[PDB]
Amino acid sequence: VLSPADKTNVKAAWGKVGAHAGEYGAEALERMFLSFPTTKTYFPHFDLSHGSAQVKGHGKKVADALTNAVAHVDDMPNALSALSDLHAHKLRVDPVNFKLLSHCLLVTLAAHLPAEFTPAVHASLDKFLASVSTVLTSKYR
């Protein structure tokens, strides 16, 4: 459950991110691949070399989806409907992996938001990612 305050916090932090959503999204994936190599099993068909167009492009899609979620923070199931379907029925990514990407996005935000990443904001962002993860894995079975 995202409290009113959580939503305010997330909207403030994400605003801050603004135009870098894409670059941040690529760096979070790269941090994942390096830190948690088993996640690479889902990208056998990708060029995972540092700064590959594939990763840069995909990082941008991931960032856009999160921006959509912040925008529709109050109606996430609806907002991410097509993505939950994709992940659940097409990609079939084990749910454990959502925690790993979430941690990596959290690290990326921390590294890029020195003024904004206060303990309160860190808590709200962590809850937000958990919430997005829940939505994305809700149609798996």
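So that there is no doubt, residue numbering starts at 1 and follows the sequence shown. Rigid core (definition): largest C-alpha set, two forms, superposition within 1.5 Å.
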Root mean square C-alpha distance from this form after a core fit in 6 other deposited structures of this protein: higher for 92 to 100 or for 26 to 34? 92 to 100
Quick one: higher average CA temperature factor, 81 to 89 or 36 to 44? 81 to 89
Would you determine, from the values in the PDB entry, which of 50 to 58 and 24 to 32 has the greater average C-alpha temperature factor? 50 to 58
So if I compare the CA B-factors in the entry for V96, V70, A115, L105, which one is the largest? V70
Ranked C-alpha temperature factor of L101 among modelled chain residues, by third: lowest
Please place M76 in the lowest, middle or highest third of its chain by C-alpha B factor as given in the entry. highest
Sort the modelled residues of this chain by their C-alpha B factor and say whether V121 lands in the lowest, middle or highest third. lowest
Would the CA B-factor of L129 place it in the lowest, middle or highest third of its chain? lowest
